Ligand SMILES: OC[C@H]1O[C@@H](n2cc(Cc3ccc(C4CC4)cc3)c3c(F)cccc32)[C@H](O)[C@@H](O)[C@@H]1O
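Have a look below at one chain only, the form solved without the named molecule, in structure tokens format.
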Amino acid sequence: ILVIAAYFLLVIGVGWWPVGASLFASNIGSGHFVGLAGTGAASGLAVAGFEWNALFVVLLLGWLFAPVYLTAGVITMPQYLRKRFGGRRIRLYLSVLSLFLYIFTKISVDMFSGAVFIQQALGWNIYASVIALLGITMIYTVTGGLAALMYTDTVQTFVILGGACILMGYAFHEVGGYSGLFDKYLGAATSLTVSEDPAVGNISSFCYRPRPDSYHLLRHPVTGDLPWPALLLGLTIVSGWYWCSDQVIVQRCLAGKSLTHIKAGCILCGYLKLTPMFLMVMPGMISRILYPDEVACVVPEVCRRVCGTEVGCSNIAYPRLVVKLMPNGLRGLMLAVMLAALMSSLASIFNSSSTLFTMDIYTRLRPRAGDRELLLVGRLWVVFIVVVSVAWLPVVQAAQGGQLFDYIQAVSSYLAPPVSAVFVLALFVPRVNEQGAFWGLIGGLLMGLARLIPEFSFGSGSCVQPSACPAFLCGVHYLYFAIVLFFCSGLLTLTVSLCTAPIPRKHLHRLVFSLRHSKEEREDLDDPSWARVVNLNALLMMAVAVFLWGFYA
């Protein structure tokens, strides 16, 4: 209570230095922590593939797509597409899709993570918890916290890494060392399986006891909670949308003084990407073995009391870890820094969403754009996004069995792959047109909604109570649909655009990867030695990542 109050007082009074901090904060945030711990408890190590593939995606971003964003001169994605394609229609629809994705993932998961952290600590149920978090974020933003966020990000990531290392040290000690994780985890099961409710009936051993292959990263391809054939490619697509299209990420990456400095920052970010496995997934399953009945229950009657949802609330593992396993005095430091990072991320998402909407939608709708009225529109947009995100919380807590990170991956894999296909085809093949790309992308969006809307209306339930969803619609994994949508939306944009030769070469000078360097005028559609050592460092870091992958795989 003292440490948390002092930390909040310091933060409010205040309101590869920024690059690494921003990259890690987006990579490993508060909602990211809680979701990673939860799915680590429910499923096992396998969720580590998410981080270990996002690492490779960050490396690919830094090595390939940052120079493309730099030579062209477009800091953001939508203006790069504006110069590449032309026409406010495609940029408008892409901004609409970005707004929807922000609402569906960023804000919703941030608020729900705050609710999970507060719910297993001082406070109340989800509604009061998110109301208090809204108050905290508002008082943060009013006092210009975002302005000093650039300086505070490095301090926050340093203290988060320090605290997470302390939690690493404490967790295996509370279990008995690394031997305890390989010894005790597979026997972690609740004592309550009676299911006094007559409708539910006696639960089979499949649900409450953990999966037998909860250790290995690579699950069964067909029948499994998280297949690896889906993992490797679907994560590539989703995280390629995440890292190579986010405006904030590219703005932070390009902020480096030189290209070699950008690559060094990417390598340091990779170092910080290899650690959150041991910091999140291991302690989540440690919290599961420590607290088997509380963390992962399967009987709905007890589950509503413990969780608030009938799924099982496997995602409350990390709040319990923080508020029990930590030393009594120091737990306030975690409960303070966790919420501070969450509030900073939420404020950044709020500002980015409002700026995007103002810059594209209301700008195209009303070309007058009175400054007072425009600011009023921005404030009303913030109000609207808060209301919609809070109204979406009951769907968020379900999240296909309570795994919060599964919800993020599902939503992104439903609506990102079309944008990824459009971007990759625009960057690779010159033939794609503005009308062709838009007409493919609208079809991809319809295809994605055709599987999202019925699934979310029907439900997911749990293993005990599956929803009355058709076998073909829900038996397909929530992430294999991203692989299907990649080669459906991209096929549509490649086929529609190929109907004619829409754009000559002069409009696409130094904007298409094929013509990386032309040294010619555009058509206006509107370290010599450090490099080898940096490449060697990247080779070493990537080899270490593969070593860990093969160790657990």
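Rigid core: the largest C-alpha set superposing within 1.5 Å between the two forms. Sequential numbering from 1, following the sequence displayed.
What follows is about the form deposited with the named molecule bound, which we do not show.
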Check your understanding: Given the named molecule superposed in from its position in the deposited bound form using nearby C-alphas, should this pocket be scored open or blocked (3 or more ligand atoms within 2.4 Å of backbone or C-beta)?
Key -> blocked
Check your understanding: Which of these stretches, 87-95, 453-461, 104-112, 212-220, has heavy atoms within 4.5 Å of the named molecule in the deposited bound form?
Key -> 104-112
Check your understanding: Are all three of 80, 426 and 522 close to the named molecule in the deposited bound form, meaning a heavy atom of each within 4.5 Å?
Key -> no
Exercise for review: Report yes if any heavy atom of residue 44 sits within 4.5 Å of a heavy atom of the named molecule in the deposited bound form; otherwise report no.
Suggested key: no
Check your understanding: Heavy atom to heavy atom, is residue 409 within 4.5 Å of the named molecule in the deposited bound form?
Key -> yes
Review point. Looking at the partner-bound form in the deposited bound form, is residue 508 within 4.5 Å of the named molecule by any heavy atom?
Key: no
Check your understanding: Does residue 238 reach the named molecule in the deposited bound form, with heavy atoms at most 4.5 Å apart?
Key -> yes
**Study point:** Partner-contacting position among 381, 438, 350, 242 - heavy atom within 4.5 Å of the named molecule in the deposited bound form
**Key:** 242
Practice item. Residue by residue through 258-273, tell me which have a non-hydrogen atom within 4.5 angstroms of the named molecule in the deposited bound form. Key: 273
Review point. Which of 208, 80, 405, 481 has its C-alpha displaced by 2 Å or more between the shown form and the other one after core superposition?
Key: 405
Exercise for review: Determine whether the C-alpha of residue 380 shifts by 2 Å or more between the shown form and the other one once the rigid core is superposed.
Suggested key: yes
Review point. Once you line up the core, how about residue 190: does its CA shift reach 2 Å between the shown form and the other one?
Key: no
Review point. Once you line up the core, how about residue 123: does its CA shift reach 2 Å between the shown form and the other one?
Key: yes
**Study point:** Distance direction in the deposited bound form for the C-alpha atoms of residue 82 and residue 374, relative to the displayed form (3 angstroms or more)
**Key:** closer
Exercise for review: Using the form shown as baseline, tell whether residue 403 and residue 174 are closer or farther in Cα-Cα distance in the deposited bound form, where the change reaches 3 Å or more.
Suggested key: farther
